[PDB]
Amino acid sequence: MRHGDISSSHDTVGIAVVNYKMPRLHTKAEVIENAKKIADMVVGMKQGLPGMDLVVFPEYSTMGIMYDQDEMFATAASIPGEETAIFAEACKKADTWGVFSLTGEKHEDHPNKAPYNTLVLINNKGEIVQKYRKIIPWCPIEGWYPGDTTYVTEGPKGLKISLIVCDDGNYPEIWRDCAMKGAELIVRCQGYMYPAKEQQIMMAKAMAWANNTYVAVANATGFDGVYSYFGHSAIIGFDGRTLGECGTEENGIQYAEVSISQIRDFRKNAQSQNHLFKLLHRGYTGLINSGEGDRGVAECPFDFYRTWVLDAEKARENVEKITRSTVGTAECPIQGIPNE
């Protein structure tokens, strides 16, 4: 957990994040050409950052956002496929792990159902070792089919990694889910468009803190014909302090070393802010002093989670009362989104 050098040691994973300029593409050939530009970038970056063990690119960095539905279906990727092979070759040549984005990934029922929005973690031998599908697409605008699962994978130097995508990170539940599965680094890849710049910078830091986890964010930059993306790719320590952060600049890079021993030492020995531990051992001091054993209280005291798990339809009905009953609003209608 230290910032400023280009090296890494047996204790540290050298992580690079990329403010990748958002592509404006339309065809499979264009996507392939851009995939090879990403590959060239990985290999060049390694020449400058000899400590690099993990390189992270934004959501949409391969395809851009395929606004046209026909182009969306025509450019939807197979995984593994040609794009991933191109990335895998760069990971091998540069002896680094990498996180890349396929938007979309063909649905099982392609082309009759919406593609997934997908991340892969590729190891330094070119093997895909995690494939994550976005659980919370950025509706209403995003039409991707939602995924349903988080994963944890042993990463470079044994650092445990989970992937999440963009809108996912607004929801503290996903970060919690990953950390509770044992994640030591949560990688948030995004094409996060303005307006919500400051909110997203703050969210990543707050989630690093709340879940005692390293966080790396790669966010797109530039204007793509529709959105302007605000960058601020970052690596953040498990104590909630930014290691390094980019500005809004096209193809900015940040690089930091995250210590394997430090996070494990903290998770073992931290007390007042060992949030993962404390959530499942509430009021331990009080119970000890009250003659009630030495483990605190594990039981979930929050009705929302009990209801959501038991009766998701009831939780949905409850939230519609507080918000609205239809996915769209007649005050700001969107074609294909019902309202009223």
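Residues carry their position along the shown sequence, with the first being 1.
- According to the PDB record, 330-338 carries the higher mean C-alpha B-factor of the two stretches 330-338 and 1-9.
- The PDB entry records a higher mean C-alpha B factor for 105-113 than for its counterpart among 198-206 and 105-113.
- The entry assigns its greatest Cα B factor, within the set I136, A74, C189, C178, to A74.
- Across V55, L49, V309, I38, the greatest Cα temperature factor reported in the deposited entry is at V309.
- Sorting the modelled residues of the chain by their CA temperature factor places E154 in the highest third.
- Among all modelled residues in its chain, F277 ranks in the lowest third by Cα B-factor.
- In the deposited entry, the Cα temperature factor of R264 places it in the lowest third of its chain's modelled residues.
- Annotation for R324: CA B-factor lies in the middle third of the chain's modelled residues.
- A270 sits in the middle third of its chain by CA B factor, as recorded in the PDB entry.
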